[PDB]
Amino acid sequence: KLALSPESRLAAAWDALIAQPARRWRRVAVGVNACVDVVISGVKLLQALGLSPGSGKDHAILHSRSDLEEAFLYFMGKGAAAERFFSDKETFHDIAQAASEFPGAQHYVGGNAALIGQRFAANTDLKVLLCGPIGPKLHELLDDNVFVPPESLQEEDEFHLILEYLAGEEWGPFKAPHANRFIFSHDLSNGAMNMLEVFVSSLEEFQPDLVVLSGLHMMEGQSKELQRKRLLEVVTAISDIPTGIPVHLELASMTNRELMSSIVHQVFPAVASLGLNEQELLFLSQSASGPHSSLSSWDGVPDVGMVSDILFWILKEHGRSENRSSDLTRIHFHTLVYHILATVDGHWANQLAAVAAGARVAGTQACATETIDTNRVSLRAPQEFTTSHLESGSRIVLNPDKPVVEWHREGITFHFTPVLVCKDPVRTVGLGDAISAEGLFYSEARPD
């Protein structure tokens, strides 16, 4: 033998440490955002619609094929990302149909809840119920083990059209300086959480062991009154689920502070578990009180100590307390180069294996391998780090043979592991959802 890489050493230590919990979930219910992502060359699609190259010109809303072409060309010229709503329902149906039927277009399960459901459904001894706007194409795309109530099945899908360009790509006088994507949809269902009622209604019959909720972020840009009605529906529904059934909230893509504030005040006390990334974590700290709210943005890899101070603060401010009657005891934090599982002591088991398992799926799914291919991964976490900078914390050094690190702070325990980052990834949209689902699958709640 020669010396093995840090990455091979790390993946070997995971393989030994990872095992399912003693008591396993039988049934998990997941809702409510779901769609079909159609990934297609934008130039090819527009050409396929019979369009000649016009002018690049931004449009706030796309009402027409013209508007679509013009805004696409505008962003393709910048090599920049954008997202738009397309307002004409019937015209959108014809364009999405054209994109979805275009030879070589890729179709993917989309939506946090559907992606979570899909990951859980990979295990045959776990029964998954999924609600959301599920048409015939999404139903076909979903794993056969996923049960969708007939109530949650509809005639049309919610297509999200993802129009990609490559760096250097050309169409007439247009040339992309960077590779990016322009995305559009006509998705009122996910925007309004229109399947929340159907989801809530299906829980009693199904008797979930675990309920997972996502899609609140999608209400961003809707009536504040509509948002308030839906958050009350969430909280009411959860108070009707039998006591001691964990509820996980998977947080995502938030930019509105009124809404974020409201989710924290109302929904956080009603859930056992929360899942999120660096972007949402920092956004939370910026809204409310924040151990590092002052910082506008993370400057490269988020500092572990700074991250942990925010997670600590959330479980202290909003987590279960003798005064609080909050049910929140768990936060699965996942960023690119490390994941942390933070838990209020004595409510959860198997959290070493669980965080290890969340991290491992980030590698394997990114690379599209069954197991970790140690040639295609790279350890990118900091070699040493402080467990808090605010408080006086430990100085930890990474040991690839002992990758999962545990530390304690006032009845709250943290579980840290680095990620084996896929260097040549296929497609990493939806990775946080697969990470959170894996973390929960390998978690065990205890009696309330």
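Sequential numbering from 1, following the sequence displayed.
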Subject >> Per the entry, higher mean C-alpha B factor between 282 to 290 and 186 to 194 >> reply: 282 to 290
**OP:** Between 51 to 59 and 410 to 418, name whichever shows the higher mean Cα B factor according to the PDB entry.
**Re:** 410 to 418
Subject >> Out of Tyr108, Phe72, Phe147, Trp298, highest CA B-factor residue >> reply: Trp298
Original post:
Highest Cα B-factor in the deposition, which of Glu158, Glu169, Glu317, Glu164?
Top reply: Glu317
**OP:** Compare the C-alpha B factor of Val404 with those of the other modelled residues in its chain, then answer lowest, middle or highest third.
**Re:** highest
Original post:
Which third, lowest, middle or highest, does the CA B-factor of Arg26 fall in along this chain?
Top reply: middle
Subject >> Third of chain Cα B-factors occupied by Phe312 >> reply: highest
Original post:
What third of its chain's C-alpha B-factors does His93 belong to: lowest, middle or highest?
Top reply: lowest
Original post:
What third of its chain, lowest, middle or highest, does the C-alpha temperature factor of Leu10 fall into?
Top reply: highest
